[PDB]
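Shown below: model34.txt, with compact mmCIF, C-alpha atoms.
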```
# COMPACT_ATOMS: atom_id res chain seq x y z
CA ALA F 1 -199.50 135.91 -97.15
CA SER F 2 -196.40 134.00 -98.31
CA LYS F 3 -196.64 130.21 -98.59
CA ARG F 4 -193.88 128.25 -96.86
CA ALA F 5 -192.20 124.99 -97.86
CA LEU F 6 -190.04 122.65 -95.80
CA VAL F 7 -187.57 120.40 -97.64
CA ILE F 8 -185.96 117.76 -95.40
CA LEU F 9 -182.42 116.95 -96.48
CA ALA F 10 -180.68 113.81 -95.25
CA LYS F 11 -177.36 112.19 -96.12
CA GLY F 12 -177.85 110.14 -99.24
CA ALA F 13 -180.67 112.23 -100.71
CA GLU F 14 -180.92 112.47 -104.48
CA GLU F 15 -179.46 115.93 -105.09
CA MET F 16 -181.39 116.51 -108.30
CA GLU F 17 -184.65 115.69 -106.52
CA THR F 18 -183.67 118.18 -103.83
CA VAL F 19 -182.46 121.13 -105.95
CA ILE F 20 -185.11 121.12 -108.66
CA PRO F 21 -188.13 121.57 -106.33
CA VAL F 22 -186.31 124.10 -104.15
CA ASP F 23 -185.32 126.18 -107.18
CA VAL F 24 -188.72 125.97 -108.84
CA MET F 25 -190.60 126.72 -105.66
CA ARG F 26 -188.45 129.78 -105.06
CA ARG F 27 -189.13 130.93 -108.63
CA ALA F 28 -192.82 130.75 -107.68
CA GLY F 29 -192.26 133.06 -104.75
CA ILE F 30 -192.56 130.34 -102.10
CA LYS F 31 -190.41 130.71 -98.99
CA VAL F 32 -188.41 127.47 -98.87
CA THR F 33 -186.40 126.19 -95.91
CA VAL F 34 -183.90 123.47 -96.72
CA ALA F 35 -183.58 121.76 -93.35
CA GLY F 36 -180.81 119.32 -92.54
CA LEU F 37 -181.98 116.20 -90.73
CA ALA F 38 -178.79 115.92 -88.64
CA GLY F 39 -178.08 119.62 -88.04
CA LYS F 40 -176.84 122.69 -89.90
CA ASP F 41 -173.72 121.03 -91.28
CA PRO F 42 -173.22 120.36 -95.01
CA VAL F 43 -174.98 117.27 -96.42
CA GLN F 44 -173.33 114.81 -98.81
CA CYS F 45 -175.93 113.74 -101.33
CA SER F 46 -176.08 110.46 -103.18
CA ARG F 47 -173.90 111.56 -106.11
CA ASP F 48 -171.47 113.41 -103.76
CA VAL F 49 -172.88 116.87 -104.38
CA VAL F 50 -172.57 118.67 -101.04
CA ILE F 51 -175.35 121.12 -100.13
CA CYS F 52 -175.45 123.56 -97.17
CA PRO F 53 -178.89 123.56 -95.52
CA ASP F 54 -180.61 126.78 -94.53
CA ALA F 55 -181.23 125.51 -90.98
CA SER F 56 -181.27 122.43 -88.79
CA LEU F 57 -184.56 120.53 -88.75
CA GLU F 58 -184.74 121.20 -84.99
CA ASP F 59 -184.76 124.96 -85.64
CA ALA F 60 -186.96 124.80 -88.73
CA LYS F 61 -189.42 122.70 -86.72
CA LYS F 62 -190.01 125.74 -84.49
CA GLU F 63 -190.77 128.12 -87.40
CA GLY F 64 -193.76 126.28 -88.83
CA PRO F 65 -196.37 125.58 -89.91
CA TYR F 66 -195.55 124.84 -93.52
CA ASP F 67 -197.98 124.63 -96.40
CA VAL F 68 -195.98 121.74 -97.90
CA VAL F 69 -193.43 119.28 -96.49
CA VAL F 70 -191.12 117.87 -99.17
CA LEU F 71 -189.31 114.54 -98.91
CA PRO F 72 -186.67 114.02 -101.62
CA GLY F 73 -185.68 110.57 -102.68
CA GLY F 74 -182.42 108.69 -102.87
CA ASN F 75 -182.42 105.22 -101.32
CA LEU F 76 -180.18 106.05 -98.35
CA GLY F 77 -181.80 109.46 -97.92
CA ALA F 78 -185.25 107.91 -97.71
CA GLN F 79 -183.99 105.32 -95.25
CA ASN F 80 -182.64 108.10 -93.02
CA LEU F 81 -186.00 109.87 -93.30
CA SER F 82 -187.84 106.64 -92.45
CA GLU F 83 -185.81 106.08 -89.28
CA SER F 84 -186.09 109.59 -87.83
CA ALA F 85 -188.59 110.23 -85.05
CA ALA F 86 -188.48 113.95 -85.81
CA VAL F 87 -189.73 113.23 -89.32
CA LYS F 88 -192.56 111.12 -87.87
CA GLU F 89 -193.68 113.99 -85.67
CA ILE F 90 -193.45 116.55 -88.47
CA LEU F 91 -195.39 114.37 -90.88
CA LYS F 92 -198.08 113.34 -88.37
CA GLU F 93 -198.63 117.01 -87.52
CA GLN F 94 -198.85 118.01 -91.18
CA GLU F 95 -201.39 115.26 -91.81
CA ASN F 96 -203.51 116.38 -88.83
CA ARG F 97 -203.65 120.00 -89.97
CA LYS F 98 -204.38 118.88 -93.54
CA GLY F 99 -201.29 120.34 -95.05
CA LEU F 100 -199.72 119.02 -98.24
CA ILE F 101 -197.09 116.26 -98.13
CA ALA F 102 -194.92 115.71 -101.22
CA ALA F 103 -192.44 112.87 -101.76
CA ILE F 104 -190.56 111.70 -104.83
CA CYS F 105 -188.85 108.51 -106.03
CA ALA F 106 -187.92 106.57 -102.89
CA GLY F 107 -189.21 109.36 -100.64
CA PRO F 108 -192.74 107.98 -100.40
CA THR F 109 -191.44 104.97 -98.49
CA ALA F 110 -190.93 107.26 -95.50
CA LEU F 111 -194.69 107.67 -95.48
CA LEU F 112 -195.20 103.97 -94.92
CA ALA F 113 -192.56 103.87 -92.20
CA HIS F 114 -194.42 106.66 -90.39
CA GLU F 115 -197.95 105.37 -91.11
CA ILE F 116 -198.86 108.45 -93.11
CA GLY F 117 -201.79 108.65 -95.50
CA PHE F 118 -202.89 105.01 -95.55
CA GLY F 119 -205.55 104.44 -98.20
CA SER F 120 -204.21 107.01 -100.67
CA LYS F 121 -203.18 106.41 -104.26
CA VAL F 122 -199.41 106.87 -104.57
CA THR F 123 -196.56 106.36 -106.99
CA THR F 124 -192.88 105.67 -106.41
CA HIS F 125 -189.79 104.82 -108.41
CA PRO F 126 -190.45 101.39 -110.03
CA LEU F 127 -187.62 99.96 -107.93
CA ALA F 128 -189.34 101.11 -104.71
CA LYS F 129 -192.80 99.69 -105.50
CA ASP F 130 -192.44 96.45 -103.53
CA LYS F 131 -191.27 98.28 -100.41
CA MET F 132 -194.07 100.87 -100.59
CA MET F 133 -196.74 98.17 -101.05
CA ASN F 134 -195.74 95.90 -98.14
CA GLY F 135 -199.05 95.29 -96.41
CA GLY F 136 -201.30 96.73 -99.10
CA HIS F 137 -201.82 100.00 -97.21
CA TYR F 138 -201.79 102.13 -100.39
CA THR F 139 -203.05 101.78 -103.95
CA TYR F 140 -200.32 101.99 -106.55
CA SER F 141 -200.27 104.27 -109.57
CA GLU F 142 -197.88 104.41 -112.51
CA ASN F 143 -198.66 108.06 -113.27
CA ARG F 144 -195.57 110.27 -113.38
CA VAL F 145 -197.17 112.53 -110.75
CA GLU F 146 -199.97 111.34 -108.46
CA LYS F 147 -202.04 113.43 -106.06
CA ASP F 148 -204.67 111.91 -103.76
CA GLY F 149 -206.11 114.16 -101.12
CA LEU F 150 -203.15 115.83 -99.46
CA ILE F 151 -200.55 113.27 -100.63
CA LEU F 152 -198.50 114.17 -103.71
CA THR F 153 -196.02 111.66 -105.07
CA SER F 154 -193.79 111.25 -108.08
CA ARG F 155 -191.54 108.65 -109.59
CA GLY F 156 -187.93 109.71 -110.18
CA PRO F 157 -185.29 112.28 -111.00
CA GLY F 158 -186.71 112.73 -114.50
CA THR F 159 -190.13 113.65 -113.06
CA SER F 160 -188.68 116.27 -110.71
CA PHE F 161 -189.86 119.24 -112.77
CA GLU F 162 -193.42 117.95 -113.09
CA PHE F 163 -193.38 117.14 -109.35
CA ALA F 164 -192.26 120.65 -108.41
CA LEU F 165 -194.75 122.38 -110.71
CA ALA F 166 -197.55 120.29 -109.20
CA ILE F 167 -196.55 121.67 -105.81
CA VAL F 168 -196.61 125.20 -107.20
CA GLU F 169 -200.04 124.64 -108.76
CA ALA F 170 -201.33 123.24 -105.46
CA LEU F 171 -200.06 126.17 -103.39
CA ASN F 172 -200.19 129.14 -105.78
CA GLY F 173 -202.56 128.08 -108.54
CA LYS F 174 -202.43 127.04 -112.19
CA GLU F 175 -201.53 130.48 -113.55
CA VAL F 176 -198.44 130.93 -111.40
CA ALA F 177 -197.28 127.42 -112.31
CA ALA F 178 -197.71 128.28 -115.98
CA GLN F 179 -195.78 131.55 -115.60
CA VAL F 180 -192.91 129.83 -113.77
CA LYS F 181 -192.79 127.01 -116.33
CA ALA F 182 -192.34 129.05 -119.49
CA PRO F 183 -188.76 130.35 -118.88
CA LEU F 184 -187.59 126.83 -118.03
CA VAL F 185 -187.75 125.54 -121.61
CA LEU F 186 -189.48 122.31 -120.74
CA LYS F 187 -190.60 120.13 -123.66
CA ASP F 188 -194.14 119.37 -122.49
CA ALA M 1 -159.00 104.99 -118.57
CA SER M 2 -161.53 107.15 -116.68
CA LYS M 3 -162.90 110.25 -118.44
CA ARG M 4 -162.72 113.48 -116.45
CA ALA M 5 -165.12 116.43 -116.36
CA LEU M 6 -164.58 119.94 -115.02
CA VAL M 7 -167.65 121.93 -113.94
CA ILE M 8 -166.90 125.60 -113.19
CA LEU M 9 -169.13 126.98 -110.46
CA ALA M 10 -169.48 130.72 -109.94
CA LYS M 11 -171.71 132.81 -107.70
CA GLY M 12 -175.05 133.20 -109.40
CA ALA M 13 -174.93 129.93 -111.35
CA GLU M 14 -178.21 128.16 -112.04
CA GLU M 15 -178.10 125.39 -109.43
CA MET M 16 -180.28 123.01 -111.42
CA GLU M 17 -178.00 123.40 -114.44
CA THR M 18 -175.06 122.62 -112.18
CA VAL M 19 -176.40 119.62 -110.23
CA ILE M 20 -178.12 117.73 -113.03
CA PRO M 21 -175.02 117.32 -115.25
CA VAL M 22 -172.76 116.56 -112.28
CA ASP M 23 -175.13 113.88 -111.00
CA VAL M 24 -175.75 112.33 -114.41
CA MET M 25 -172.10 112.35 -115.36
CA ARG M 26 -171.21 110.62 -112.12
CA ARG M 27 -173.89 108.01 -112.80
CA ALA M 28 -172.05 107.39 -116.08
CA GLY M 29 -168.83 106.72 -114.24
CA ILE M 30 -167.19 110.02 -115.19
CA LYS M 31 -164.85 111.61 -112.64
CA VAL M 32 -166.33 115.07 -112.09
CA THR M 33 -164.61 117.97 -110.34
CA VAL M 34 -166.89 120.78 -109.26
CA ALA M 35 -164.46 123.70 -109.16
CA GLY M 36 -165.27 126.98 -107.49
CA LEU M 37 -164.27 130.03 -109.52
CA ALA M 38 -163.36 132.10 -106.43
CA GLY M 39 -161.86 129.36 -104.24
CA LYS M 40 -162.93 126.36 -102.17
CA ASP M 41 -165.59 128.23 -100.20
CA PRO M 42 -169.32 127.49 -100.55
CA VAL M 43 -171.07 129.05 -103.58
CA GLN M 44 -174.47 130.75 -103.39
CA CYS M 45 -176.36 129.86 -106.54
CA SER M 46 -179.02 131.92 -108.25
CA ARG M 47 -181.94 130.50 -106.26
CA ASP M 48 -179.92 130.58 -102.98
CA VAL M 49 -179.00 126.91 -102.98
CA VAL M 50 -175.50 126.77 -101.51
CA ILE M 51 -173.12 124.14 -102.93
CA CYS M 52 -169.65 123.18 -101.63
CA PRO M 53 -167.18 122.75 -104.51
CA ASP M 54 -164.80 119.82 -104.65
CA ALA M 55 -161.80 122.13 -105.21
CA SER M 56 -160.77 125.64 -106.14
CA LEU M 57 -160.39 126.26 -109.86
CA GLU M 58 -156.72 127.11 -109.22
CA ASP M 59 -156.14 123.60 -107.85
CA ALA M 60 -158.36 121.83 -110.36
CA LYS M 61 -156.50 123.67 -113.12
CA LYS M 62 -153.37 121.74 -112.13
CA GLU M 63 -155.05 118.30 -112.30
CA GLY M 64 -156.08 118.39 -115.96
CA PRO M 65 -156.54 117.75 -118.76
CA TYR M 66 -160.28 117.22 -118.83
CA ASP M 67 -162.27 115.51 -121.54
CA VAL M 68 -165.10 118.04 -121.08
CA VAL M 69 -165.31 121.52 -119.54
CA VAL M 70 -168.83 122.40 -118.38
CA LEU M 71 -170.15 125.95 -118.02
CA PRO M 72 -173.51 126.15 -116.22
CA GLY M 73 -175.83 129.03 -116.84
CA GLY M 74 -177.51 131.59 -114.65
CA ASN M 75 -177.18 135.20 -115.79
CA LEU M 76 -174.86 136.36 -113.00
CA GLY M 77 -172.95 133.08 -113.07
CA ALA M 78 -172.27 133.42 -116.78
CA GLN M 79 -171.20 137.02 -116.30
CA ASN M 80 -168.69 135.92 -113.65
CA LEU M 81 -167.45 133.23 -116.04
CA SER M 82 -167.17 135.78 -118.86
CA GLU M 83 -165.04 138.15 -116.78
CA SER M 84 -162.55 135.60 -115.43
CA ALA M 85 -159.12 135.37 -117.05
CA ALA M 86 -158.67 131.89 -115.59
CA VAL M 87 -161.74 130.73 -117.52
CA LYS M 88 -160.29 132.25 -120.71
CA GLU M 89 -157.07 130.28 -120.27
CA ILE M 90 -158.88 127.04 -119.46
CA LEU M 91 -161.21 127.37 -122.43
CA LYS M 92 -158.48 128.40 -124.91
CA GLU M 93 -156.41 125.39 -123.84
CA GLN M 94 -159.36 123.02 -124.18
CA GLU M 95 -160.08 124.35 -127.65
CA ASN M 96 -156.43 123.90 -128.71
CA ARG M 97 -156.29 120.27 -127.57
CA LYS M 98 -159.68 119.61 -129.20
CA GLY M 99 -161.47 118.72 -126.03
CA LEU M 100 -165.21 119.09 -125.59
CA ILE M 101 -166.71 122.33 -124.29
CA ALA M 102 -170.30 122.28 -122.98
CA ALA M 103 -172.37 125.29 -121.93
CA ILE M 104 -176.06 125.68 -121.13
CA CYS M 105 -178.62 128.50 -121.01
CA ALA M 106 -176.64 131.70 -120.48
CA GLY M 107 -173.36 129.77 -120.22
CA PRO M 108 -172.58 129.96 -123.93
CA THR M 109 -172.16 133.71 -123.66
CA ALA M 110 -168.87 133.08 -121.86
CA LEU M 111 -167.67 131.56 -125.11
CA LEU M 112 -168.17 134.81 -126.95
CA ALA M 113 -166.48 136.79 -124.20
CA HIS M 114 -163.44 134.52 -124.52
CA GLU M 115 -163.50 134.25 -128.34
CA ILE M 116 -164.10 130.51 -128.23
CA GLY M 117 -165.38 128.48 -131.16
CA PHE M 118 -166.25 131.26 -133.61
CA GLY M 119 -168.09 129.88 -136.63
CA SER M 120 -169.90 127.10 -134.76
CA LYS M 121 -173.64 126.53 -134.59
CA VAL M 122 -174.84 127.19 -131.03
CA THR M 123 -178.00 127.56 -129.00
CA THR M 124 -178.71 129.54 -125.85
CA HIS M 125 -181.67 130.45 -123.67
CA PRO M 126 -184.02 132.56 -125.86
CA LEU M 127 -183.36 135.52 -123.55
CA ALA M 128 -179.60 135.25 -124.19
CA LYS M 129 -179.79 135.08 -128.00
CA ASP M 130 -179.11 138.78 -128.67
CA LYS M 131 -176.04 138.79 -126.43
CA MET M 132 -174.61 135.60 -127.97
CA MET M 133 -175.11 136.93 -131.53
CA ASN M 134 -173.46 140.35 -131.10
CA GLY M 135 -171.15 140.52 -134.08
CA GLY M 136 -172.51 137.51 -135.95
CA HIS M 137 -169.63 135.27 -134.86
CA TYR M 138 -171.85 132.19 -134.45
CA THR M 139 -174.84 130.69 -136.26
CA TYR M 140 -177.90 130.34 -134.07
CA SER M 141 -179.94 127.19 -133.57
CA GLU M 142 -183.23 126.65 -131.77
CA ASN M 143 -182.57 122.96 -131.14
CA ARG M 144 -182.84 121.97 -127.49
CA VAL M 145 -179.31 120.56 -127.66
CA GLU M 146 -176.81 121.61 -130.34
CA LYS M 147 -173.39 120.11 -131.05
CA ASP M 148 -171.05 121.50 -133.69
CA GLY M 149 -167.54 120.15 -133.73
CA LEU M 150 -166.35 120.29 -130.14
CA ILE M 151 -168.94 122.85 -128.96
CA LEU M 152 -172.03 121.50 -127.20
CA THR M 153 -174.75 123.91 -126.14
CA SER M 154 -178.24 123.77 -124.72
CA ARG M 155 -181.05 126.13 -123.92
CA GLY M 156 -182.27 126.11 -120.31
CA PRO M 157 -182.95 124.39 -117.02
CA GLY M 158 -185.58 122.17 -118.64
CA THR M 159 -183.04 120.88 -121.17
CA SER M 160 -180.49 119.99 -118.48
CA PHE M 161 -181.09 116.24 -118.67
CA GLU M 162 -180.78 116.12 -122.46
CA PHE M 163 -177.66 118.31 -122.21
CA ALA M 164 -176.02 115.99 -119.66
CA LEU M 165 -176.87 112.82 -121.58
CA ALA M 166 -175.37 114.34 -124.72
CA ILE M 167 -172.14 114.80 -122.78
CA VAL M 168 -172.28 111.18 -121.64
CA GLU M 169 -172.91 109.98 -125.19
CA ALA M 170 -169.99 112.08 -126.44
CA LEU M 171 -167.55 110.78 -123.83
CA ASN M 172 -168.75 107.21 -123.13
CA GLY M 173 -170.92 106.31 -126.10
CA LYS M 174 -174.59 105.80 -126.92
CA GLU M 175 -175.00 102.58 -124.94
CA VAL M 176 -173.79 104.01 -121.65
CA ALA M 177 -176.03 107.04 -122.11
CA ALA M 178 -178.97 104.71 -122.70
CA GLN M 179 -178.15 102.64 -119.60
CA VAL M 180 -177.84 105.74 -117.42
CA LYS M 181 -181.08 107.21 -118.79
CA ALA M 182 -183.42 104.34 -118.03
CA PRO M 183 -183.48 104.58 -114.19
CA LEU M 184 -184.14 108.32 -114.38
CA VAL M 185 -187.74 107.97 -115.56
CA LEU M 186 -187.48 110.57 -118.28
CA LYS M 187 -190.49 110.95 -120.58
CA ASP M 188 -188.67 110.96 -123.93
```
Can the structure in the file be given as C-alpha cells, please?
Amino acid sequence: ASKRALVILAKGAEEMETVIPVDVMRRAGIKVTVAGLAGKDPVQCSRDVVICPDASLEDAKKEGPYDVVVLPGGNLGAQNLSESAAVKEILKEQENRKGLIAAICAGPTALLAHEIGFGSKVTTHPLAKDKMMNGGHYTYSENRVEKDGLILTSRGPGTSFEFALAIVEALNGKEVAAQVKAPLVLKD
Amino acid sequence: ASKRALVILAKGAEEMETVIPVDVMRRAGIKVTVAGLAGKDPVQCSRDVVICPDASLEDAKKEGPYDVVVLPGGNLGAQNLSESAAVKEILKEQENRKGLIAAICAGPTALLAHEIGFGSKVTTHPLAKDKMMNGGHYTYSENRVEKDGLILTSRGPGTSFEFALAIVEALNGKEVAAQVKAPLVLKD
C-alpha cells in the first residue's frame, strides 16, 4: 500500500532539484528510488555536489511500476535525460499506464525529446521556454507549478518545495502534504 | 581574492540544508569545501540521501582559514557536531579571528555545546528552541534569518535559500546576492 517514486539522476542534474523532492517525498512516507542513469556509481551534479544513487536505472527499471517518475533539471542533466533511450521507454510506459510524470526547470525538455504528453499545459525555467516550445506541441504556463492531466511541471530551484509538495498531494492527498509542510518552516 | 566556505557534514545532517547553501554559494563564486566529520567516506543524511564529501575535516582543517563555517541541521547531525572536539576547535578559532559562523535549524545547538557566541541573538527550528535556550546564554528570535555580530542563524529547511543568500550577501555583497537570486525563481 506504499506509493513508489523514481527519481532519475544524470550527470549535470541540479542537485537542489534532486534532493528537495527526494527528501520531502520520503518525509511523506513515499518509497523513493534515486536511480543513476549511467549505473550505480556516484553522480557529479551541476554545482559539483556528488550524490550516491540507490540503484542503477537498469535495476530500478525492473522493480516498477512507480506512481511517479521524477526528472530533475540542470541543463546538462536534462540533455542527458533527453538523449537516453532508457528514459524514453520508462516515460512512454508511465504515460501508457497513466502514471504521474513530474519534471522541473529544464527537466520538462526531456518530455519533448521523448514525445511525451503533447497537448498538455506545461511550465519550465524561463530560459528553457524556447526549447520546450519548438513546434508548438505544448501550451506554455508561467505558473510556478503546473499540472495538466498526468503531467506536473515546475520552473526552477526556488520552486522545488512547491513542486515536491504537489507530488505529495497528488499521491497521498492534501492532508499529508499539509502535515509534511508544517515542520519545514516554509513562508507560504 | 576568492572567499572560502567550510560546510561540516555529519551523519544525520539534513541533506536539503546541506545542498542548498553549497549550491548557492558556488553560484556566487565562493570556493566551498564540503568536509566530512568522520573522514572522506560517503555520508548518509537524515532522509537517506548519500553525499560524497570533498575532503575529510582533518584535511580541510589544514587548508583554512575560511571566511564562513557552515553547520547544517538535522537532529542527529547537530548532535554529532555538538560532540566533536574538532568542531569545537574549528569554531573557537573562527570566533577568535572574527570570521562568520552560520548554522541552520538544529545546527545552532552546536554553538551552545561549544560555548560559541554567548550573548548573541539567534534563531533555531521551533522544536530546538528549548535546547538552545538552556541557561539563558542567548536571546531568542523568531525571524526566519537572524544575524548578530558574526553569528548567522536560520530556522529550517524552508528557510535554506534565505539563509544561503544571507551568507552570500555577507561575503560578496548585496549585488552579487541579487544576481545569484534571480535565476533561482524564488517567490520573494
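If we count all atoms listed in the file, these residues of chain M sit within 8 Å of chain F: residues 15, 16, 19, 20, 22, 23, 26, 27, 47, 49, 50, 51, 52, 53, 155, 156, 157, 158, 159, 161, 183, 184, 185, 186 and 187 of chain M.
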Enclose range 72-90 of chain F, meaning all of its atoms listed in the file, in a box aligned along x, y and z, pad it by 5 Å on each side, and list the centre and edge lengths in Å to one decimal, as lines of an AutoDock Vina configuration file.
```
center_x = -186.9
center_y = 110.9
center_z = -94.0
size_x = 23.5
size_y = 21.3
size_z = 27.8
```
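Nearest residue to residue 90 in chain M among M:176, M:170, M:38, M:70 is M:70, counting only C-alpha atoms.
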| request: Would you list the residues near (-162.2, 131.6, -112.4), meaning any protein, DNA or RNA residue with an atom at most 6 Å from that point in file coordinates, counting only C-alpha atoms, as a PyMOL selection string? | output: chain M and resi 37+84+86-87
Include C-alpha atoms and write out the residues we just selected as a short mmCIF file (atom, residue, chain, number, x, y, z; two decimals), in the coordinates of the input.
```cif
data_model
loop_
_atom_site.label_atom_id
_atom_site.label_comp_id
_atom_site.auth_asym_id
_atom_site.auth_seq_id
_atom_site.Cartn_x
_atom_site.Cartn_y
_atom_site.Cartn_z
CA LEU M 37 -164.27 130.03 -109.52
CA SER M 84 -162.55 135.60 -115.43
CA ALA M 86 -158.67 131.89 -115.59
CA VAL M 87 -161.74 130.73 -117.52
#
```
| field | d(CA of residue 169 in chain M, CA of residue 72 in chain M) in Å | value |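 That distance, rounded to one decimal, is 18.5 Å.
One distance worth recording is that between CA of residue 36 in chain M and CA of residue 104 in chain M, which is 17.4 Å.
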| query | CA of residue 39 in chain F and CA of residue 57 in chain F are how many Å apart? | reply |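 Result for CA of residue 39 in chain F versus CA of residue 57 in chain F: 6.6 Å, one decimal.
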| residue 64 in chain M surroundings by all atoms listed in the file, 12 Å radius, close-in-sequence under 6 positions cut, as a PyMOL selection string | chain M and resi 3-6+31-33+57-58+90+93-94+97+99
For the residues selected in the previous step, produce a file with C-alpha atoms as a PDB file, in the frame of the given file.
```pdb
ATOM      1  CA  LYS M   3    -162.900 110.250-118.440  1.00  0.00           C
ATOM      2  CA  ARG M   4    -162.720 113.480-116.450  1.00  0.00           C
ATOM      3  CA  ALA M   5    -165.120 116.430-116.360  1.00  0.00           C
ATOM      4  CA  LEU M   6    -164.580 119.940-115.020  1.00  0.00           C
ATOM      5  CA  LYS M  31    -164.850 111.610-112.640  1.00  0.00           C
ATOM      6  CA  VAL M  32    -166.330 115.070-112.090  1.00  0.00           C
ATOM      7  CA  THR M  33    -164.610 117.970-110.340  1.00  0.00           C
ATOM      8  CA  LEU M  57    -160.390 126.260-109.860  1.00  0.00           C
ATOM      9  CA  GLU M  58    -156.720 127.110-109.220  1.00  0.00           C
ATOM     10  CA  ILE M  90    -158.880 127.040-119.460  1.00  0.00           C
ATOM     11  CA  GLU M  93    -156.410 125.390-123.840  1.00  0.00           C
ATOM     12  CA  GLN M  94    -159.360 123.020-124.180  1.00  0.00           C
ATOM     13  CA  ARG M  97    -156.290 120.270-127.570  1.00  0.00           C
ATOM     14  CA  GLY M  99    -161.470 118.720-126.030  1.00  0.00           C
TER      15      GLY M  99
END
```
